[PDB]
Amino acid sequence: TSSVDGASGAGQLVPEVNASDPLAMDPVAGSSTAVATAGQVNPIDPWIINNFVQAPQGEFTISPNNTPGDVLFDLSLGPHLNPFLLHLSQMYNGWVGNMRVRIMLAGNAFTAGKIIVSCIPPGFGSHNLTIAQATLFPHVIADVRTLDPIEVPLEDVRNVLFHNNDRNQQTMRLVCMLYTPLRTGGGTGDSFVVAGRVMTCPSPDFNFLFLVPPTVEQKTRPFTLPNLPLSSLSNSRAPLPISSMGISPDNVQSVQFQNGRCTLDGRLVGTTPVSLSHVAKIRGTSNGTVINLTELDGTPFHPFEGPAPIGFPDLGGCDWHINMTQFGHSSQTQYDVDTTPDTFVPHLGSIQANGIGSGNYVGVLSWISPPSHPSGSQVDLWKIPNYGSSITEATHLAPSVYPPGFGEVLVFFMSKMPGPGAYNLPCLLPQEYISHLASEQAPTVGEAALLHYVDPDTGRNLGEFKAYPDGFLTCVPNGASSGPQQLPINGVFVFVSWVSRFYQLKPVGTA
Amino acid sequence: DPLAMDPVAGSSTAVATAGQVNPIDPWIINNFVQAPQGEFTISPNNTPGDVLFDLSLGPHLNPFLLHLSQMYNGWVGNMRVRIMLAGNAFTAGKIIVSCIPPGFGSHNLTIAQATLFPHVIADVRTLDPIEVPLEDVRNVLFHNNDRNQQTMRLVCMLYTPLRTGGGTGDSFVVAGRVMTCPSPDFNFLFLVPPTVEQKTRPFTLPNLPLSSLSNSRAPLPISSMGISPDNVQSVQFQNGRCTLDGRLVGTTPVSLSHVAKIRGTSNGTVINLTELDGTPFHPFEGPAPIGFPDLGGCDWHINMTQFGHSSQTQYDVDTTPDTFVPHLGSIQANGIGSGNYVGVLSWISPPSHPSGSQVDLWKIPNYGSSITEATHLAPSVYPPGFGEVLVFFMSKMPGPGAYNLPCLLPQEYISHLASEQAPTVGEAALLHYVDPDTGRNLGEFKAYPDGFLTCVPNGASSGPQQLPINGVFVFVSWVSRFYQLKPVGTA
Amino acid sequence: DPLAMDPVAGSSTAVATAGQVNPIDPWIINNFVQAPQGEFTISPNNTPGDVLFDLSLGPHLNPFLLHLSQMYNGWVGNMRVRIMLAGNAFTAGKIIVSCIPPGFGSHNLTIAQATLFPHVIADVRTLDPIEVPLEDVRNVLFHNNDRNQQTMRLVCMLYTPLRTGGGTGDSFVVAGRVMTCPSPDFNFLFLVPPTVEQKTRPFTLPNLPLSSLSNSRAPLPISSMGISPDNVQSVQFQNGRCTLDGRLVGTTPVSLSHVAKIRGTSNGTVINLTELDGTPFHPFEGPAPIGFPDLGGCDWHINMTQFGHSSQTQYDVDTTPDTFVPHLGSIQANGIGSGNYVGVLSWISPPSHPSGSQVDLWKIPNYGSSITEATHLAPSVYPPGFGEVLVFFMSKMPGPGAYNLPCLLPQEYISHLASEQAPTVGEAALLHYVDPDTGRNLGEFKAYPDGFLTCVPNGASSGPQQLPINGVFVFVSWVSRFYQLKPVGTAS
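Okay, structure coming up:
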């Protein structure tokens with residue numbers, strides 16, 4: 009067999025088979041409407057047809073922190089629901105046919121709660137539904153204690169004869185919300201979560217359509233991460249190696265960094281470059297008192313393309329000062345920069361020169377110090393510098409990030425910084441991750457990415473993290489002083505599944 | 029929902045081209061016995077993706093078949109695996125068992141990737157045992173007694189985590205047992221004179237207590253077991269080096285009468301070193317003559333005698349200058365007369381030259397820094413795995429202070445491994461530390477094919493030092509990289 | 029005429045002992061698509077008996093089958109090969125394609141001995157392709173995804189010398205193409221998780237423009253491409269070397285945060301060097317600590333800073349004298365104080381010791397003359413083809429002069445190759461330099477499995493210096509070592 013439920017040792021404390029009315033819908037045809045006017049009709053391997061296999065959106069959680077109405081999962085019809093079909097869809101141009109979904113939900117006999125799954129046709133639109141409106145569609149209601157998995161079909165309601173791997177299509181969705189709140193009985197410990205699984209298989213009427221060169225179309229590319237250990241990577245706000253992982257203090261809950269910001273589909277945001285040869289570097293013409301900044305190759309910087317030139321340093325709460333060299337000249341100059349005054353305006357393309365002679369210089373940041381002007385303060389590296397407070401231009405800063413989930417905090421990659429104290433510089437992503445994501449622009453299918461921190465030689469799992477489409481990681485700390493600082497740095501992040509925003513993580517560390 | 033595999037043929041494909049086909053005792057066939065690693069535990073601290081166990085196909089799974097394999101030179105056929113879990117009606121959780129074909133490779137997997145093999149998903153409240161076939165997916169007509177053979181393997185991982193109700197505690201674990209039997213298409217192939225083919229020699233250890241054995245770097249009794257300090261993570265010794273196959277590395281002899289002994293011709297300024305039997309030593313075989321003392325940051329000074337003269341001369345040795353070149357076979361002669369002397373190590377001291385430093389026996393001495401010859405030193409060892417540490421056998425050395433000499437393997441173990449030349453099967457050998465009277469298990473260790481032991485300490489000060497020294501090491505099984513040792517010590 | 033071979037059975041042999049048998053799509057079966065080893069050349073520089081191409085049977089001879097083999101771990105079956113040549117009426121010559129069975133061994137064959145196999149003889153003047161079947165002569169029941177095992181080979185040789193008449197211009201190359209399709213009895217074996225086995229990964233390069241990448245010998249942005257001076261025909265760089273399989277050689281790190289950096293403790297006289305994390309450097313694992321700078325013919329002086337201290341010092345290094353022994357982990361400390369420091373290269377000057385020479389950045393620095401320990405330098409490279417020269421990626425270096433620093437590969441290429449460890453199927457990689465917004469091909473280059481690039485320049489004044497730097501390198505084909513490239517640049 010392939011599936012053994014524990015009904016022989018369950019004890020008749022749970023329901024075993026879901027009793028429900030069938031879906032109020034008609035059956036939809038498959039590939040037979042495509043035989044006439046499509047170019048080819050391509051069959052799939054018969055070993056893929058009848059084996060249910062964990063979907064790339066395969067895991068979900070039900071918690072007592074969920075309120076009724078929260079979306080547990082949300083699938084769209086297509087070849088990206090099956091991993092074998094996702095590999096095969098890179099070779100083809102379009103598809104028809106239905107799918108078969110199985111939902112696995114086998115909680116404890118001391119639990120209570122119910123879910124509802126609805127089918128929504130194309131053409132309805134993007135709306136946020138209640139649990140009352142979810143009953144106005146064809147729907148199933150299930151209990152969280154059921155021993156057998158629930159099977160739902162996903163039908164291909166169509167205005168046309170077939171589909172293409174493009175943006176000109178909208179298909180049928182399966183939305184699963186929480187219908188009644190999850191409650192437990194007995195002497196419960198509140199590490200209790202119902203863990204649910206989703207498996208899929210194609211129907212026998214599914215087919216692929218037209219053979220194409222198998223890497224070219226960008227829609228069918230799957231999301232990957234580079235297979236490199238963390239100690240061999242670098243910071244994305246300064247050219248420094250990664251030494252640790254960590255959390256911000258409790259008063260800091262949001263972050264608005266400008267360097268090192270890339271979405272999961274591969275868009276660079278802010279003043280973010282592609283390589284480390286541009287990180288924390290300035291290039292400019294010194295007039296004697298004012299340095300006019302350009303791009304690092306010499307192109308004129310326009311004030312509408314960003315808050316600063318690409319690669320401009322964004323260390324906020326410090327007195328950072330750089331090392332300037334010169335093409336065609338034999339010297340090395342130190343350049344002291346204070347961020348606070350009225351003469352520091354990088355969005356208008358001009359900064360100070362407090363002892364830099366006239367000429368054309370290129371500088372890189374070397375080390376930092378506590379800021380001398382405001383109060384005799386300390387180094388606060390969670391802050392961002394003051395750019396140009398403009399009136400005629402729209403300053404296009406990157407937005408702030410904050411953790412969305414239950415008890416989640418942001419995870420930072422820390423690097424040791426030279427200067428007169430013990431300074432740690434945080435970043436949201438390594439730079440090699442940014443280069444991999446910008447090169448491989450896979451579309452994000454879902455609200456978050458579940459990742460595992462894994463020791464590569466043994467295979468042991470050290471932690472469990474969530475990645476978000478804006479390009480940042482969150483986790484749940486285990487206690488008051490526990491967290492990801494206790495993990496070794498020779499590990500590799502491994503992509504596991506596409507999850508929702510309200511997915512709950514197991515906490516990392518020892519309390 | 030059947031498994032996504034086809035039936036594999038058994039011994040019928042060997043009837044044409046093997047010489048004989050040999051049947052097995054019918055009391056062995058449909059009889060389930062426990063696997064050599066048929067024990068695992070699910071706790072509520074385990075996460076999905078944690079490898080629970082791993083098995084590979086072959087006659088090493090059954091002890092009757094492993095005894096019978098040393099009488100033949102080939103085998104074919106399938107096996108049957110049976111898994112048993114001990115749970116309640118008040119638990120929840122799931123496991124998955126996948127079938128992985130030969131030629132795939134060693135790669136870590138997720139549970140999503142685990143569902144892409146032929147597999148069984150099972151609940152922890154299952155009352156009946158779970159039955160899996162183990163089929164001989166192969167490229168040839170039959171197997172021979174080799175270890176280049178790659179067979180079909182089973183991996184079992186955790187699918188959904190363990191949740192219990194009621195009086196929720198952390199000490200509730202689910203225990204799991206693995207049993208195996210051979211299928212009626214299993215067969216042995218050709219009758220061979222037994223215990224002659226070296227490919228079927230089983231790995232064994234001598235059945236003697238640890239207190240009655242000896243150090244392999246000096247002729248001293250073993251006193252304790254211990255671990256190195258945290259500043260010492262890599263070690264490079266030259267005596268007491270032997271693989272599990274039985275090959276000596278470095279300057280290692282087979283007998284204790286050659287250990288920490290020199291023999292040399294003295295003219296008054298240099299002592300020209302030979303072998304102890306009288307044959308001249310040549311620099312191209314090794315870093316020193318076989319049996320030379322390999323104590324490092326130390327002023328080790330020896331006792332010299334000779335054949336035919338009533339004499340005991342004390343000889344002082346200094347390994348710092350360029351006068352000390354044992355790689356070219358000529359060392360200091362700082363006051364010994366002319367002739368031929370044999371010397372044994374007797375007494376060590378703190379070193380004289382750098383600062384009058386402390387005795388540190390974790391180091392290797394300076395041998396001859398040559399350019400023209402080959403510096404064939406035995407390489408370093410370092411602990412493999414996650415959280416494992418090297419284990420040393422420690423003896424007491426005479427001198428002015430409390431000196432503990434560490435050792436990698438005892439000399440009687442080296443002689444047993446050199447006499448019984450058995451091949452190593454896989455990555456490490458699991459060992460138990462047993463009381464010889466009660467048979468009670470005291471610890472759990474790993475032996476690696478380069479000839480050392482690792483363990484996992486329980487506390488910041490716990491480990492194999494808290495164990496008695498009258499125990500015996502006992503071989504259990506061959507394990508893979510997925511196996512985690514239980515921590516040893518009283519913590 | 030048919031070939032002198034019997035029909036070979038397919039997966040009928042594999043039914044009993046394989047776990048599954050999987051069919052493939054019938055639209056792939058009789059569809060002749062260009063192979064990934066699908067390009068070759070014939071030139072008057074070739075002699076009769078030269079190997080034009082060499083193929084082994086398996087799923088990697090077809091791009092659809094190469095994509096599909098990432099979901100399986102075995103195969104069995106036959107294939108069909110088709111060969112096209114593009115010649116003139118002026119070109120005289122014959123080629124021969126021979127089928128060689130597994131277990132024969134490596135021998136130097138004559139053309140007469142090449143006709144003693146099952147073979148096809150073709151004329152270069154033909155306008156029609158030629159058809160050859162490649163059978164699965166097996167000793168076993170099926171195969172796994174492992175190219176170490178021997179299958180049947182197709183070997184193409186030049187049978188008669190290529191001769192041209194009339195106005196002989198030596199740049200008339202005959203182009204040749206190879207196309208493949210599986211037979212109807214080809215089958216895959218066992219469904220497996222996709223793209224997990226590293227033995228079936230195809231070789232790619234990152235889709236990034238060249239001006240956005242960085243140098244491999246110093247942390248500097250790439251500004252141009254170039255060729256070496258004519259007196260320099262070989263180079264021996266130590267930073268920025270990676271096998272196309274993804275192996276790092278020399279003192280090459282994975283990321284740019286380690287490039288041209290030192291770390292060590294000074295006693296006032298000697299700086300003892302350690303690794304950049306703090307672990308001790310051992311003299312046997314390399315020539316130097318990983319990331320040590322390797323700029324040969326100059327006086328490079330670096331910027332040093334300190335953890336927990338508020339200063340910045342300039343450290344002047346001369347790589348000439350006896351104190352500069354980085355292989356034993358010691359350098360001089362002629363003007364800096366005691367303590368632990370971390371330094372990075374910032375600025376170079378002409379070398380001071382020999383007579384007042386000039387900067388020569390084609391040199392590598394004198395690592396210490398240690399014969400007791402073995403100095404494990406990376407080997408030298410040279411162009412192996414007909415009139416090829418090495419290609420370098422060049423960056424501007426600050427100092428008293430117009431200094432350009434060359435390297436063999438960009439650093440992001442090294443990171444991509446070290447992550448994606450694709451096996452090298454063949455002897456050289458034919459690449460194209462493509463204008464990304466128009467799609468127009470700009471040049472044609474060769475990449476070798478020890479990690480360097482070659483081109484053929486169009487004259488004494490031409491080369492890849494006339495090409496723009498916002499292009500992308502795209503992998504095109506696996507070619508042999510004697511593929512003749514088209515000259516790049518405009519004519520002199």
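Protein chains in written order, with the UniProt record's numbering: chain A, 9 to 519; chain B, 29 to 519; chain C, 29 to 520.
From the three backbone atoms N, C-alpha and C, an ideal C-beta is built for every residue, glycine too.
When only Cα atoms are considered, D34 of chain C and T228 of chain A end up about 43 Å apart.
With a beta-carbon spacing of about 6 Å, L217 of chain B and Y100 of chain B fall inside the 8 Å limit used to define contacts.
Within chain C, the residues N331, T333 and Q340 have their CB atoms less than 7 Å from the CB of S374 of chain A, given in chain order. In this chain, the beta strand (DSSP E) harbouring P64 of chain B covers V61 to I70. In this model, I158 of chain A and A15 of chain A are separated by some 16 Å (Cα to Cα). Annotated three-state conformation of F145 of chain B is coil, per DSSP. By the rule that beta-carbons nearer than 8 Å mark a contact, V224 of chain C touches chain B. Taking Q342 of chain C as the centre and dropping the five residues before and after it, the same chain places the C-beta of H329 and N331 closer than 7 Å to its C-beta, in chain order. Listed along chain A, the residues sitting closer than 7 Å to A32 of chain B by beta-carbon distance are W55 and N59. Approximately 17 Å separates the beta-carbon atoms of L94 of chain A and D164 of chain A; this is outside 8 Å, ruling out the contact. Note that the C-beta distance between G268 of chain C and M422 of chain C is not below 8 Å. Linking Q512 of chain C to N176 of chain C through their CA atoms gives a straight-line distance of about 28 Å. Residue-level contact check: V109 of chain B does not touch chain C, since none of the beta carbons of chain C fall below 8 Å from its beta carbon. From the beta-carbon of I399 of chain C, the residues of chain B found nearer than 8 Å are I399. The Cβ of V287 of chain C sits no closer than 8 Å to any Cβ of chain B. Counting along the chain, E472 of chain B sits inside no alpha helix (DSSP H); it lies in the beta strand (DSSP E) bounded by residues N469 to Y476. It is roughly 50 Å from the alpha-carbon of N469 of chain A to the alpha-carbon of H381 of chain B. Residues of chain A with a Cβ closer than 9 Å to the Cβ of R509 of chain B are, in chain order, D465, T466 and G467.
Here DSSP, grouped into helix, strand and coil, assigns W390 of chain B to coil. Taking a beta-carbon distance threshold of 8 Å, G121 of chain C does not count as an interface residue toward chain A. Under the Cβ distance rule, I139 of chain B counts among the residues neighbouring chain A, one pair being separated by less than 8 Å. In the DSSP assignment, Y431 of chain C falls outside any alpha helix (DSSP H) and lies within the beta strand (DSSP E) extending over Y431 to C435. At a C-beta separation below 7 Å, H135 of chain B has these neighbours in chain C: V224. Residue-level contact by beta carbon fails for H337 of chain A and chain B, as no gap is shorter than 8 Å. Every beta strand (DSSP E) of 3 residues or more that sits fully in the region 235 to 301 of chain C is shown, in chain order, as 252 to 255, 289 to 294 and 298 to 301. About 7 Å separates the beta carbons of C209 of chain A and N90 of chain A, which is inside the 8 Å limit, making them a contact pair. Per DSSP, reduced to three states, the secondary structure at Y441 of chain C is helical.
By the Cβ test, the region 50 to 66 of chain A is not in contact with the region 67 to 78 of chain C, since fewer than three Cβ pairs between them sit closer than 8 Å. Listed along chain C are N101, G102, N172, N173 and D174, each with a C-beta nearer than 8 Å to that of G131 of chain B. Under the Cβ distance rule, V168 of chain B counts among the residues neighbouring chain C, one pair being separated by less than 8 Å.
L144 of chain A is classed as exposed because its beta carbon has fewer than 16 other beta carbons within 10 Å across all chains shown.
Taking a Cβ-Cβ threshold of 7 Å, the residues of chain B close to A46 of chain C are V165, in chain order.
Judged by DSSP secondary structure, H460 of chain C falls within the beta strand (DSSP E) whose first and last residues are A456 to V462.
Three or more beta-carbon pairs separated by less than 8 Å link the region 380 to 398 of chain C to the region 312 to 325 of chain C, which places the two stretches in contact. About 14 Å separates the beta carbons of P354 of chain C and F312 of chain C, which is beyond the 8 Å limit, so they are not a contact pair. Counting C-beta pairs with one atom in each stretch, the region 258 to 267 of chain A and the region 393 to 408 of chain A have three or more that are closer than 8 Å, which means they touch.
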